[PDB]
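All of this is worked out from the model, or read from it or from the source named; no laboratory instrument gave them. FYI the Cβ positions are ideal-geometry reconstructions off the backbone, even for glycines, and counts take in every protein chain you see.
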Amino acid sequence: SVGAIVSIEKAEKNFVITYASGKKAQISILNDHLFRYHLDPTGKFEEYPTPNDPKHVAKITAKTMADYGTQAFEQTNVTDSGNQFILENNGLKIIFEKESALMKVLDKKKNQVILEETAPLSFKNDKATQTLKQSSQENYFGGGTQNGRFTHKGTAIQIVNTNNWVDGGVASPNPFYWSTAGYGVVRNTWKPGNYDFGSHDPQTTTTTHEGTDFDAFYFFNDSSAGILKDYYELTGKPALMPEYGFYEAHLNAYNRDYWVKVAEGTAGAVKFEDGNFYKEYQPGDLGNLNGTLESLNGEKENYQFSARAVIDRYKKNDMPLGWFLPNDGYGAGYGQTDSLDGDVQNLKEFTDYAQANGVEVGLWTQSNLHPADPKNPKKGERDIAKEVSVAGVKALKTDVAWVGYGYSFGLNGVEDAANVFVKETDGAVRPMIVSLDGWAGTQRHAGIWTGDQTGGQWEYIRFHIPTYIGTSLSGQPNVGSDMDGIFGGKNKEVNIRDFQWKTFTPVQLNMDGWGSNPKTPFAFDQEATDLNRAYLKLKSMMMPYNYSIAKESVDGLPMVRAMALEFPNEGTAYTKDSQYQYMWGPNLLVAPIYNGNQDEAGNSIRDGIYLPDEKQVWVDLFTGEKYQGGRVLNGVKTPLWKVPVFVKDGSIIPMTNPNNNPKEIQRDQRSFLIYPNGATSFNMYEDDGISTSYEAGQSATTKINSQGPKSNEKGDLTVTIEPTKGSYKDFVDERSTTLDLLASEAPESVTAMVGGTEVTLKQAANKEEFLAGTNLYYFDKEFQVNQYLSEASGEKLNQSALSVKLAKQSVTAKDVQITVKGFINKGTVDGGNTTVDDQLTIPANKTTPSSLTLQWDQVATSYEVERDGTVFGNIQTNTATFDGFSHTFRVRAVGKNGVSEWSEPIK
Ligand SMILES: CC(=O)N[C@@H]1[C@@H](O)[C@@H](O)[C@@H](CO)O[C@H]1O
Ligand SMILES: [Ca+2]
């Protein structure tokens with residue numbers, strides 16, 4: 001081993017620790033809350049760990065140690081205090097016991113010990129292991145894409161390039177974890193590892209990587225946003241996707257296969273527009289069969305089998321479509337010429353057709369992106385420089401066949417590809433790369449998709465929700481996956497539920513040609529197709545809210561937010577009670593349907609809807625039905641048309657007109673859906689949607705403020721839109737403004753100031769008059785947040801809103817202030833009254849490996865059971881089952897006038 005510390009000297013640029021064994025480590029102070037520790041037997045102490053291949057030159061760190069400056073180091077002292085050596089500055093006391101050589105860190109502003117070694121660094125069996133104290137309330141996140149998982153206390157996770165895309169695998173590892181205690185750690189290695197968060201000993205956390213040295217960055221911070229910002233300053237801020245990357249893509253090969261005319265009901269038969277059924281054959285599987293060769297452009301008596309025909313199908317079905325990959329398949333290619341240049345020209349023609357239709361082109365790549373000889377290529381080589389500058393390609397997907405060796409391979413490849421898009425375009429195209437097999441740093445270039453799974457199975461949704469949440473907790477906000485899987489299909493219900501929740505996620509890939517049916521939003525019956533569209537249109541309408549939380553994700557909280565990120569004071573937000581839900585940015589709680597459980601009316605039964613905060617009203621997005629938080633709801637009846645989504649009362653949600661791609665967005669309009677509740681605020685981000693210029697200041701922000709009464713209360717409402725700050729290519733200064741304000745009664749008065757001058761508002765007599773004029777207001781009892789969903793579901797889904805339209809104005813030179821007297825948005829709050837009812841009798845009076853069921857005698861319009869101090873409600877009968885254990889059970893009844901006293905604790 002290492003032995004006692006004999007000494008810690010302040011050398012020129014770092015602190016040099018000398019151990020009894022003669023082994024040395026360097027501590028580098030980078031800022032007042034971040035330090036590198038490196039124990040290097042070699043004594044070389046090189047800046048960068050050795051990659052898997054010398055040609056791998058992409059670095060884990062995006063900022064060199066020298067770019068952090070010497071100041072923190074200058075303001076760090078080393079003292080000998082008898083039993084300890086101590087390094088101290090304004091941020092950190094870093095304390096080493098001399099004999100044991102154990103390190104602990106005190107965070108000075110908190111005046112707490114955040115990190116404590118409980119056993120020394122071990123180098124046994126060509127592995128480098130740290131051992132840390134784990135506290136009873138300490139929770140852990142990170143590791144990258146940890147398939148099926150986000151919260152790691154009491155578990156071990158593999159920091160391994162597993163190439164396992166299902167539950168329990170790691171699609172994209174990251175040697176980065178953090179503690180709720182207030183520390184994050186990056187291990188400065190390309191080597192695989194294993195982190196054990198007290199799987200067996202719950203007072204001990206061990207972190208192991210293969211190899212012979214120990215190199216790590218420790219950062220301390222009092223907020224989850226600050227931990228990620230530290231990881232981001234260190235390894236790279238996430239890339240901001242272009243607008244189009246938030247829209248569903250279509251991925252398939254259209255250059256390779258043959259379609260053969262077959263009987264309806266033949267296995268793999270697809271109906272085409274000519275009324276006939278065809279089966280697809282790879283050229284190797286065709287044998288003696290007669291079929292039609294596909295092409296990208298459908299120029300060879302083959303149009304319905306083309307890539308263009310798919311773009312035409314998305315248009316005909318009125319489905320949003322952002323981007324298209326037409327070479328996604330093994331040996332597919334993107335042309336049928338005798339040359340790379342011939343092929344690039346065929347791709348260019350497909351790109352012009354796609355762009356005419358508002359769709360961008362990407363390429364899949366199973367290989368290196370450059371010819372052997374760039375000036376003299378071969379047919380069937382790749383040339384990303386030409387694909388980009390001749391053919392106009394803007395996006396890339398990295399197949400496992402390219403990046404599958406993991407670790408340094410993927411980051412080098414993605415760093416390379418990203419640099420090519422920006423240089424070849426002079427920054428007119430920002431990177432849009434979807435990858436996997438990532439590492440620390442990947443997020444600065446690429447988002448991830450979760451790989452190959454089977455859809456049309458509820459497990460496809462169940463495992464994916466925590467997958468998304470953990471990837472985002474690991475400093476990768478750009479996360480996505482196949483729409484209903486690359487394999488399987490034939491389950492309408494699962495197909496509908498997949499589109500539903502992926503509305504509130506970054507990247508949606510229609511990964512076509514391997515499944516039990518085509519992979520499109522229109523693969524099922526009219527009902528599925530009409531719900532799919534409703535939910536894709538809702539995403540398109542939410543694009544201003546979506547883009548603003550994406551900008552926030554570049555240097556802050558990710559877009560998919562673990563409940564703990566938005567409610568850090570609630571135990572429930574940190575555990576598996578939060579594994580199947582999340583906040584989509586600040587304002588929406590998404591609790592997807594993930595199983596086939598139904599009542600006798602055919603609705604899905606949704607158990608375990610965690611609504612945080614006992615003081616907070618939650619509003620059903622679609623219906624307006626209000627719910628009180630501090631509770632987990634069981635038995636929430638969800639029909640097929642619906643996915644459980646609740647607005648945080650107080651929310652401001654920037655919206656736009658429904659659209660099928662970014663060029664259909666009306667840039668001379670702006671719209672705000674608002675749920676006034678005290679004083680709330682939003683920062684709307686925007687830029688040119690496509691270039692690197694956002695990195696060089698070419699963006700604008702608009703700050704919106706709602707200053708209204710409390711949930712369900714009457715008062716003055718003042719909505720303010722502050723002057724837009726910043727500019728960018730094709731910025732539109734002149735815009736008309738809509739406010740939709742959820743309200744239960746017609747208001748007393750509505751006035752407006754624009755840049756300090758009144759604007760006379762007339763009251764509309766009807767919806768038609770309101771939607772035709774401006775400088776108007778209107779109390780609308782038939783306000784439909786999503787008309788497509790009203791019409792798909794067969795419900796009106798009418799809410800009451802106060803809607804306010806202002807004429808076009810300069811958003812840069814003039815603010816907006818709307819004032820509403822007699823503003824109220826009131827409905828009955830479910831679980832609104834938790835006050836003891838004296839007149840309600842306290843409730844009177846199947847075990848498996850870990851599923852306890854509890855029963856009692858019938859008082860009460862429902863009951864509530866407290867399960868280890870967590871309140872489960874909406875229990876509509878006299879039994880309830882609690883599972884997912886390795887516990888205590890107080891119940892109470894619920895009448896029309898509050899609850900009963902809690903029964904005594906049962907075990
Ligand atoms: C993990 C992975 O690479 N999956 C891909 C799948 O997404 C697709 O690109 C397919 C070719 O159509 O090849 C697979 O290798
Ligand atoms: Ca094909």
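Please go through segment 856-867 and give me each residue that is surrounded by 12 or more Cβ atoms within 10 Å (Cβ to Cβ) and of a type outside the set (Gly, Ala, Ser), ordered by number.
Across segment 856-867, the qualifying residues are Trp856, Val859, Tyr863, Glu864, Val865, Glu866, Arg867.
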First in segment 825-854 and assigned by CATH to the domain that holds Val894, second anywhere and in a loop (DSSP other than H, G, I, E, B) and β-branched (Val, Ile, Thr), Cβ under 8 Å, 6 or more apart: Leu840/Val859; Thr841/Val859; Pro843/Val859; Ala844/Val859; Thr853/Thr847; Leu854/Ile906
Mind checking which residues of segment 725-741 are within 16 Å of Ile690 (Cα to Cα), over 27 Å from the mean Cα position of the chain (by Cα) and crowded, with 16+ Cβ neighbours inside 10 Å? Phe731
Flag for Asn546 being crowded, with 22+ Cβ neighbours inside 10 Å, in a strand (DSSP E or B) and polar (S, T, N, Q): no
Flag for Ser481 being in the same structural domain as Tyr547 (by CATH) and either more than 16 Å from ligand 1 (Cβ to nearest atom) or of a type in the set (A, V, I, L, M, F, W, C) (or both): no
For segment 311-332, check the following and say yes or no: at least one residue is over 31 Å from the mean Cα position of the chain (by Cα), surrounded by 13 or more Cβ atoms within 10 Å (Cβ to Cβ) and more than 16 Å from ligand 1 (Cβ to nearest atom). no
Among the numbered criteria (1) surrounded by fewer than 18 Cβ atoms within 10 Å (Cβ to Cβ); (2) within 16 Å of ligand 1 (Cβ to nearest atom), which single criterion is violated by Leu289? (2)
Tally, over segment 425-453, of residues that are in contact with an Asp or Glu (Cβ under 9 Å, 6 or more places away or on another chain), charged (D, E, K, R) and surrounded by fewer than 24 Cβ atoms within 10 Å (Cβ to Cβ): 2
Restricting segment 152-179 to residues that are part of a strand (DSSP E or B) and in contact with an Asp or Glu (Cβ under 6 Å, 6 or more places away or on another chain), the residue that is surrounded by the most Cβ atoms within 10 Å (Cβ to Cβ): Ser179
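Conditions tested, residue by residue: (1) in contact with a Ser or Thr (Cβ under 9 Å, 6 or more places away or on another chain); (2) at negative phi; (3) within 16 Å of ligand 1 (Cβ to nearest atom).
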position: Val361; (1), (2), (3): yes, yes, yes
position: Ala385; (1), (2), (3): no, yes, no
position: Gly447; (1), (2), (3): yes, yes, yes
position: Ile469; (1), (2), (3): yes, yes, no
Can you list the strands (runs of 3 or more DSSP E) found entirely within segment 276-385 that contain at least 1 residues being within 14 Å of ligand 2 (Cβ to nearest atom) and of a type in the set (A, V, I, L, M)? 323-325
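In segment 250-264, what residues are among the small types (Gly, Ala, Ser) and more than 11 Å from ligand 2 (Cβ to nearest atom)? Please lay out each step first, then the result.
Let us first name the residues in segment 250-264 that are among the small types (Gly, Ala, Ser), namely 253, 263.
Residue satisfying the conditions is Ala263 alone.
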Filtered residues of segment 1-27 (kept if surrounded by fewer than 21 Cβ atoms within 10 Å (Cβ to Cβ), touching a helix residue (DSSP H, G or I) at 6+ places or on another chain (Cβ under 9 Å) and assigned to a strand (DSSP E or B)): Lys10
When every residue in segment 210-248 that is touching an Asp or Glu at 6+ places or on another chain (Cβ under 9 Å) and in a strand (DSSP E or B) is compared, the one nearest to ligand 2 (Cβ to nearest atom) is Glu210
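Is it true that some residue in segment 217-235 is among the basic types (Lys, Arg), within 16 Å of ligand 1 (Cβ to nearest atom) and under 37 Å from the mean Cα position of the chain (by Cα)?
No, segment 217-235 has no match at all.
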Filter segment 9-41 down to the residues that are in contact with a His (Cβ under 7 Å, 6 or more places away or on another chain) and among the aliphatic types (A, V, I, L, M) and list them by number. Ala25
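Here is a check on your reading of the model: is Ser706 among the small types (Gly, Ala, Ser), closer than 27 Å to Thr774 by Cβ and touching a helix residue (DSSP H, G or I) at 6+ places or on another chain (Cβ under 9 Å)?
Spelling it out, it is not the case that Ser706 is among the small types (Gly, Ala, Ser), closer than 27 Å to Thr774 by Cβ and touching a helix residue (DSSP H, G or I) at 6+ places or on another chain (Cβ under 9 Å).
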In segment 458-480, is there at least one residue being within 16 Å of ligand 2 (Cβ to nearest atom), more than 26 Å from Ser693 (Cβ to Cβ) and surrounded by fewer than 24 Cβ atoms within 10 Å (Cβ to Cβ)? no
Identify, from the list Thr454, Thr467, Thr503, the residue that is more than 14 Å from the chain's Cα centre (by Cα) and hydroxyl-bearing (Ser, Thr, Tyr). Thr454
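Mind listing just one residue for me: the one in segment 81-101 that is surrounded by fewer than 14 Cβ atoms within 10 Å (Cβ to Cβ) and among the small types (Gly, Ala, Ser) and, of those, farthest from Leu30 (Cα to Cα)?
Here is the first cut: in segment 81-101, the ones surrounded by fewer than 14 Cβ atoms within 10 Å (Cβ to Cβ) are 81-83, 90, 99.
From what's left, among the small types (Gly, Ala, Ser): 81-82.
On the way: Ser81: 24, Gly82: 27 Å.
This residue is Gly82.
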Testing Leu509 on (1) within 16 Å of ligand 1 (Cβ to nearest atom); (2) within 17 Å of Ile469 (Cα to Cα); (3) not charged (D, E, K, R), one condition comes back false. Which one is that? (2)
Taking segment 249-262 only, how many residues are more than 16 Å from ligand 1 (Cβ to nearest atom) and part of a loop (DSSP other than H, G, I, E, B)? 0
Can you work out which of the residues in segment 29-60 that are outside any loop (DSSP other than H, G, I, E, B) and in contact with a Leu (Cβ under 9 Å, 6 or more places away or on another chain) is farthest from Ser408 (Cα to Cα)? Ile29
Give segment 409-419 a look and list any residue that's crowded, with 19+ Cβ neighbours inside 10 Å and either of a type outside the set (S, T, N, Q) or not in a helix (DSSP H, G or I) (or both), or say none. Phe409, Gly410, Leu411, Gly413, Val414, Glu415, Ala417, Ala418
So which of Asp343, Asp338, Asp373 ends up being crowded, with 19+ Cβ neighbours inside 10 Å, out of contact with any helix residue (DSSP H, G or I) (no Cβ under 7 Å at 6 or more places or on another chain) and farther than 28 Å from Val170 by Cα? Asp343
Which of (1) touching a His at 6+ places or on another chain (Cβ under 7 Å); (2) more than 16 Å from ligand 2 (Cβ to nearest atom) is the odd one out, the single condition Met541 does not satisfy? (1)
Residue list for segment 401-441, restricted to those being within 15 Å of ligand 1 (Cβ to nearest atom), out of contact with any helix residue (DSSP H, G or I) (no Cβ under 8 Å at 6 or more places or on another chain) and closer than 21 Å to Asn52 by Cα: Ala401, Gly404, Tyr405, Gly406
